[PDB]
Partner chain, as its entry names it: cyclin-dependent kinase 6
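First comes one chain, alone, set out as structure tokens in the form solved without the partner chain.
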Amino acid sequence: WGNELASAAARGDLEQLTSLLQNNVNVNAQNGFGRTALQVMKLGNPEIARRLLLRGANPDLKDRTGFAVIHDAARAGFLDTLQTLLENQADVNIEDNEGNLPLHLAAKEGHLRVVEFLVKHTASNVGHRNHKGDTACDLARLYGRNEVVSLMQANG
């Protein structure tokens, strides 16, 4: 179950995932490499995240590098999964090993809509400095994310 559930999530096979969920499974079981189905899930499949969360999947777990799924979602620009993560109590201000919040990663990669949602509709700490002293906006500025910077100073 744990392994197959993780496999179905990793591949983005909702049908197979929902099939497995009919069994008495621990959605927070770790696969062969220590990651849960939610952690290995292929982003771009918010329903898979929703089904896993509905069954009690812990959204705040961190991998080898202290990255939570919301970190991955934010960094890659997957707003839908990020939002379903939050509507299921995932911590928005969870930090990676360098003190970066999901907002930092979104800003750094120039995902304007993700940043906008975070700044405007979440408890994201816009003034949070990572370990090296940089805020999400600083990183946007450093990475030439002009539109993100303008949006951030426009409301925070």
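Positions refer to the first chain, counted from 1.
Across the two stretches, 29 to 37 and 44 to 52, the PDB entry reports the greater mean Cα temperature factor for 29 to 37. Judged by mean Cα B factor in the deposited record, 53 to 61 ranks above the other of 125 to 133 and 53 to 61. Annotation for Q89: C-alpha temperature factor in the highest third relative to the rest of the modelled chain, per the entry. When the CA B factors of the chain's modelled residues are split into thirds, the value for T18 lands in the highest one.
Omitted from view is the form deposited with the partner chain bound, to which the following refers.
Taking a 4.5 Å heavy atom cutoff to the partner chain in the deposited bound form, the contact residue among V119, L112, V92, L43 is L43. Proximity of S124 to the partner chain in the deposited bound form falls outside the 4.5 Å heavy atom cutoff. By the criterion of a heavy atom within 4.5 Å, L139 is excluded from the residues contacting the partner chain in the deposited bound form. Interface membership of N28, defined by any non-hydrogen atom within 4.5 Å of the partner chain in the deposited bound form, is ruled out.
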